[PDB]
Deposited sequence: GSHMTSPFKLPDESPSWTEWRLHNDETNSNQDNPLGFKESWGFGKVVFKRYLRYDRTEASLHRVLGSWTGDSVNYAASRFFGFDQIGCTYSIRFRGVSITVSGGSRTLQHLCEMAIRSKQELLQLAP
């Protein structure tokens, strides 16, 4: 039923071989990147994104979704009753989740973006 995703960048999950190779070359503080997801009701969209802790890379992955792209994907699932909406992100052993009802989506996005930036800039 091909769904519009909130994401503006394609998934970059490593293959199992690429993951083994990265592991032989390096440590949980320097993974290949991070995982993030958006959930609206019972539908979830997920991304693995490469991230290397540079300014350029930060800027690139911050661009993976916007308030507008989230609203566009989310509103496919809206009606009279509120549904639940959840952003989640995992990096270096820490998961941050931001959730609330669909009436609060704009506030959710604003808190999701700040969490994502702060987590990705976590000092080692």
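Several segments of the deposited sequence are absent from the coordinates, namely 1, 28-29.
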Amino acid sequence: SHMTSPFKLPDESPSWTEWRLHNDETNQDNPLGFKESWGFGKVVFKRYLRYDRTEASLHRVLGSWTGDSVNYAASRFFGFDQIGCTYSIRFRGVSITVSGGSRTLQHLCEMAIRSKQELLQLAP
From here on, numbers count along this sequence of modelled residues.
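Not even a third of the other compared entries skip residue 57; each one keeps it along with the residues on either side. Where the other entries of this protein model the residues before and after it, residue 88 is kept in all of them rather than dropped from a third. In this entry, 74-82 has the higher mean Cα B-factor, the comparison being between 61-69 and 74-82.
Relative to one another, 27-35 and 93-101 have unequal mean CA B-factors, and 27-35 is the one with the higher figure. Split the chain's modelled residues into thirds by C-alpha temperature factor. Residue 43 is in the highest one.
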